[PDB]
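What follows is a short report on a single structure.
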Amino acid sequence: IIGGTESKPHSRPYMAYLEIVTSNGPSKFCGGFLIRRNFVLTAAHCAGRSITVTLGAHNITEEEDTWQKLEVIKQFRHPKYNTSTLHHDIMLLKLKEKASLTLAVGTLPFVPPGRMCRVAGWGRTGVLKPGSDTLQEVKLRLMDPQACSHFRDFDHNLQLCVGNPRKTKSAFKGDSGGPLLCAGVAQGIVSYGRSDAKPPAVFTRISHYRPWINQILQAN
Ligand SMILES: Cc1c(S(=O)(=O)Nc2ccc(-c3ccncc3)cc2S(C)(=O)=O)sc2ccc(F)cc12
Ligand SMILES: [Zn+2]
């Protein structure tokens, strides 16, 4: 998150911190959010050999009594996901057991969005900056789809265009898979943008994918 503020600890209790063992070699990190006791919603590009989810966290180098750290037992990547265009950049993760609902660990609820939205994550705080140890959040403006016309594979039906280009406020690297909320409702999933961090960025439009989500939930 660039231009954001350190979240009030545990104020976004749906937030998940994903530790992904990449199918080939090293470890990477994404965001995500808990939508049922044993399901996390994230980006398809965050898939890997295996994934761990940490719930209840604020500072991800500091274990707390709030934490619940859970292995992923099944990855449901969108079947039409495209590694090149990032169409359908959405993935459900089934957890090995159900999270305990606590003040610090809760599910996020699910009708057309307004302009001022908010995203949170532990990603980089600037182009060439480290990840944040602490959860950061920022308010971003939902833009018309034209504002993203420069992304050749953008598609208004599948995707939100997020972040006023005049400001530096943006989701960035490491913020993948985290939710965009508009009026307390989850509308987007951080997907991609410019590697120089100039907004807007591209998020997955969650409403488009609601039948697929319902299908996976109802059946697992
Ligand atoms: C994740 C990410 C990157 S990245 O540079 O880490 N990865 C990235 C960047 C661009 C694209 C892409 C470009 C053109 N068309 C489709 C996808 C893809 C990928 S990724 C996440 O697939 O490596 S830059 C950026 C900017 C804003 C943001 F919210 C998220 C991101
Ligand atoms: Zn705490």
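Ordering of the structure tokens sets the chain letters (A, B, ...); residue numbers start at 1 within each chain; ligands are numbered from 1 in the order shown.
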List all protein, DNA and RNA residues that have at least one atom no more than 10 Å from any atom of ligand 2, counting only C-alpha atoms and all ligand atoms, and write them as a list in words.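 If we count only C-alpha atoms and all ligand atoms, the neighbours of ligand 2 turn out to be residues 8, 9, 10, 11, 56, 57, 58, 59, 60, 62, 63, 64, 65, 66, 67 and 104 of chain A.
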Can you check which parts of chain A lie within 8 Å of ligand 1? Per residue, the shortest pair of atoms and distance in Å to one decimal, counting only C-alpha atoms and all ligand atoms, sorted by chain and number, as JSON lines.
{"residue": "A:45", "atom": "CA", "partner": "ligand 1", "partner_atom_place_in_ligand_line": "21 (C)", "distance": 6.0}
{"residue": "A:46", "atom": "CA", "partner": "ligand 1", "partner_atom_place_in_ligand_line": "21 (C)", "distance": 8.0}
{"residue": "A:83", "atom": "CA", "partner": "ligand 1", "partner_atom_place_in_ligand_line": "22 (O)", "distance": 6.6}
{"residue": "A:84", "atom": "CA", "partner": "ligand 1", "partner_atom_place_in_ligand_line": "16 (C)", "distance": 5.8}
{"residue": "A:85", "atom": "CA", "partner": "ligand 1", "partner_atom_place_in_ligand_line": "16 (C)", "distance": 4.2}
{"residue": "A:86", "atom": "CA", "partner": "ligand 1", "partner_atom_place_in_ligand_line": "16 (C)", "distance": 5.0}
{"residue": "A:87", "atom": "CA", "partner": "ligand 1", "partner_atom_place_in_ligand_line": "16 (C)", "distance": 7.8}
{"residue": "A:151", "atom": "CA", "partner": "ligand 1", "partner_atom_place_in_ligand_line": "14 (C)", "distance": 6.2}
{"residue": "A:152", "atom": "CA", "partner": "ligand 1", "partner_atom_place_in_ligand_line": "15 (N)", "distance": 6.9}
{"residue": "A:153", "atom": "CA", "partner": "ligand 1", "partner_atom_place_in_ligand_line": "15 (N)", "distance": 5.9}
{"residue": "A:154", "atom": "CA", "partner": "ligand 1", "partner_atom_place_in_ligand_line": "15 (N)", "distance": 7.7}
{"residue": "A:170", "atom": "CA", "partner": "ligand 1", "partner_atom_place_in_ligand_line": "29 (F)", "distance": 6.3}
{"residue": "A:171", "atom": "CA", "partner": "ligand 1", "partner_atom_place_in_ligand_line": "29 (F)", "distance": 3.9}
{"residue": "A:172", "atom": "CA", "partner": "ligand 1", "partner_atom_place_in_ligand_line": "28 (C)", "distance": 3.8}
{"residue": "A:173", "atom": "CA", "partner": "ligand 1", "partner_atom_place_in_ligand_line": "1 (C)", "distance": 4.4}
{"residue": "A:174", "atom": "CA", "partner": "ligand 1", "partner_atom_place_in_ligand_line": "1 (C)", "distance": 6.6}
{"residue": "A:175", "atom": "CA", "partner": "ligand 1", "partner_atom_place_in_ligand_line": "29 (F)", "distance": 6.5}
{"residue": "A:176", "atom": "CA", "partner": "ligand 1", "partner_atom_place_in_ligand_line": "1 (C)", "distance": 5.5}
{"residue": "A:190", "atom": "CA", "partner": "ligand 1", "partner_atom_place_in_ligand_line": "29 (F)", "distance": 5.4}
{"residue": "A:191", "atom": "CA", "partner": "ligand 1", "partner_atom_place_in_ligand_line": "30 (C)", "distance": 5.6}
{"residue": "A:192", "atom": "CA", "partner": "ligand 1", "partner_atom_place_in_ligand_line": "30 (C)", "distance": 3.7}
{"residue": "A:193", "atom": "CA", "partner": "ligand 1", "partner_atom_place_in_ligand_line": "26 (C)", "distance": 3.3}
{"residue": "A:194", "atom": "CA", "partner": "ligand 1", "partner_atom_place_in_ligand_line": "24 (S)", "distance": 4.6}
{"residue": "A:195", "atom": "CA", "partner": "ligand 1", "partner_atom_place_in_ligand_line": "24 (S)", "distance": 4.0}
{"residue": "A:196", "atom": "CA", "partner": "ligand 1", "partner_atom_place_in_ligand_line": "24 (S)", "distance": 7.1}
{"residue": "A:197", "atom": "CA", "partner": "ligand 1", "partner_atom_place_in_ligand_line": "26 (C)", "distance": 5.1}
{"residue": "A:198", "atom": "CA", "partner": "ligand 1", "partner_atom_place_in_ligand_line": "26 (C)", "distance": 7.5}
{"residue": "A:199", "atom": "CA", "partner": "ligand 1", "partner_atom_place_in_ligand_line": "27 (C)", "distance": 7.0}
{"residue": "A:200", "atom": "CA", "partner": "ligand 1", "partner_atom_place_in_ligand_line": "27 (C)", "distance": 7.5}
{"residue": "A:201", "atom": "CA", "partner": "ligand 1", "partner_atom_place_in_ligand_line": "27 (C)", "distance": 4.8}
{"residue": "A:202", "atom": "CA", "partner": "ligand 1", "partner_atom_place_in_ligand_line": "29 (F)", "distance": 6.5}
{"residue": "A:203", "atom": "CA", "partner": "ligand 1", "partner_atom_place_in_ligand_line": "29 (F)", "distance": 7.3}
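Straight-line separation from CA of residue 142 (chain A) to CA of residue 164 (chain A): 7.7 Å.
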Helix (DSSP H, G or I) call set, DSSP backbone run, region 112-197 of chain A, as a ChimeraX atom specification: /A:145-148
File of the preceding selection, C-alpha atoms, as a PDB file, in the first residue's frame:
ATOM      1  CA  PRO A 145     -13.146   2.134 -17.191  1.00  0.00           C
ATOM      2  CA  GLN A 146     -11.718   4.592 -19.708  1.00  0.00           C
ATOM      3  CA  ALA A 147      -9.066   5.609 -17.101  1.00  0.00           C
ATOM      4  CA  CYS A 148      -7.703   2.092 -17.502  1.00  0.00           C
TER       5      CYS A 148
END
